[PDB]
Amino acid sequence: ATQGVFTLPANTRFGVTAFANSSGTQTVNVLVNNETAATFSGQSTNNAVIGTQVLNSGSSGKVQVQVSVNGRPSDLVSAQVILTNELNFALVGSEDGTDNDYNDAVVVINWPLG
């Protein structure tokens, strides 16, 4: 199944935050309407926040997270969870290796903001 693709309400502000947990340099690209809107890179085995940003879902509401290491796309796992019918998290894990910890880059999208 496709992973790392989320439909937000249109014209909604959201946060996106990436964490790194690998010997490999993570490249995290965040697309909105199929266009890169944020990019983060870094290497950490201590959960560094390699980037955080605030974006708007725009007219399409389409948000995609891609994770690659040195040009190689990592395997993605994702889901969306909603608490009290209001608070939204879109979650991504990624595996760049063989150990299957799926934490090599971890991306969390949150909304609403404000």
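Heads up: residue numbers just count along the shown sequence, starting at 1.
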> Higher mean Cα B-factor in the deposited model: 52-60 or 84-92?
Replying inline: 52-60
> Once you work out the mean C-alpha B-factor for both 42-50 and 29-37 from the entry, which is higher?
Replying inline: 29-37
> By its CA B factor, does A79 count among the lowest, middle or highest third of the modelled residues in the chain?
Replying inline: lowest
> Would the CA B-factor of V16 place it in the lowest, middle or highest third of its chain?
Replying inline: lowest
>> Sorting by Cα B-factor within the chain, modelled residues only, which third would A105 end up in: lowest, middle or highest?
In response: middle
